[PDB]
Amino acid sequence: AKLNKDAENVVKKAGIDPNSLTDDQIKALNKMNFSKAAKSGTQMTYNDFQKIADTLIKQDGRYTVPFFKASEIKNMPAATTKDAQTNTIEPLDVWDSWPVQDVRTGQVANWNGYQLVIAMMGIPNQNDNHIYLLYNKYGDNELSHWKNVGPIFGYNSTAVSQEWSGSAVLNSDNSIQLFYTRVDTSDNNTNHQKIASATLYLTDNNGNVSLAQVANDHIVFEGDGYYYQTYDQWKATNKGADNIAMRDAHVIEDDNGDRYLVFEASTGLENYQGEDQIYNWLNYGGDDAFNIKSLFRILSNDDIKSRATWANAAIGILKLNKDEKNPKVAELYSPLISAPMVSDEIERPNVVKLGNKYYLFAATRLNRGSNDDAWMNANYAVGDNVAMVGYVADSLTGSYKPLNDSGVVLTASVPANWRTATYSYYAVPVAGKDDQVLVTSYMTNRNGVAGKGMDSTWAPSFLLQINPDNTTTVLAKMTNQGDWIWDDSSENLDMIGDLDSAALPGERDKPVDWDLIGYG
């Protein structure tokens, strides 16, 4: 019935009369740990997440993904191809994709006059998660000119061993070092994820690129238990509320010759998920009134309490050894970003060097966050809850600080079941500029949610201005679908839509897809 002095201090700083509190509220407040020491890097706080959501709800043009003219959007021809699992030619969903990049600068690599992209594809509504190599003439702006070489790990594949996202760069001899996620589903169909690497040797014969050989395929890392959550840790306590993530490895080398992977994971025992996290003041990150209001809200609702108990998404970093073609872990670090209490999924981490700063971007679905009100309000306002977040550091393993106050960079602008819905935003540098990136993404959500034969395809790309004061601004500068290389000739202002033209006829009267957007 009686507050400790720390708790009475914050209550009073908050303008709350201590007498107004219940016995349960006092008990909650007396458990609060007020230590301000950071454990797993810079945190996305409960306050940050709330602000990201508020920004999405405001639909402010500085951050909204631009409207795309829905009438211009088409399936990717190269996504009609021989399927890795059925061995039959099918119209596939294509989603997460990444270009072969220069390991230092991030620029889309020119390989013998070609640009190369690696992409997740599969038959809508099947478990069919494999990666395919794609190519086009360097600088070419036509979606339909892209060509599918085929599944990197071959035909006769199955759902028992899958490939999820990662990254790709050129080695010294112009072979390709692929980083990807090896997913083994033999332990009761669980998505046992592992960061893996292999070397791709290609050949160039009369306008066609072929995959000659996949060499050195091996597991690089799958978690240590202290910095990053292991499969065994997740399996031990999972009753269905805990996410598992060890994926989306992004390779980057700095000017000291050190090569690193920046990847998606969860924290380990360094700062682990648990109900205790609801009682760490550091996680809240607002003023006293906000923090107290937030604590009571979390404890008032079983689903928010549960999400908070299980949330501990991390963007990890490790240093590799020197061996380009057979990378192994040389050193592990604490997470660059973590979201204990706040979110259990932050995806596709990406580092772009611009000038002498390192910009760390990532995609996230706010409905993987603990604050149900915030993301259910996002859904109600826009029909979706996706975002790109961003941070910036002066060195690769340095302290990352959020952009635009809260870390918000892009916010959803259309309902998740529309043709022009986007996700898996991936920023790529622009030749000759240190203050813009080109944002790529996949368009149309998977598995036919936008209707008959509306496959996931490549979005038109758009420019994002990076300002020197750790802010960003979306530009009204757009390409054709599937353009990875911005230049003067790449602009197609005809692809720009507005509120009205972002929908195909009928889409406005279409029912909500609730499994897609979530509901607390």
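Residue indices: 1-based, along the sequence shown.
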Mind pulling up the entry and telling me whether 224 to 232 or 425 to 433 has the higher mean Cα temperature factor? 425 to 433
Between 198 to 206 and 93 to 101, which has the higher average C-alpha B-factor in the PDB entry? 198 to 206
Top Cα B factor in the deposited entry, candidates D469, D483, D455, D48: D455
Between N174, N404, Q193, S306, where does the Cα B-factor run highest in the record? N174
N301 by Cα B-factor - lowest, middle or highest third of the modelled chain: middle
Classify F68 as lowest, middle or highest third according to the C-alpha B-factor given in the PDB entry, relative to its own chain. middle
Entry-reported Cα temperature factor of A330, expressed as the chain third it lands in: middle
For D255, the third of its chain by CA B-factor is the highest
Which third, lowest, middle or highest, does the C-alpha temperature factor of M44 belong to within its own chain? lowest
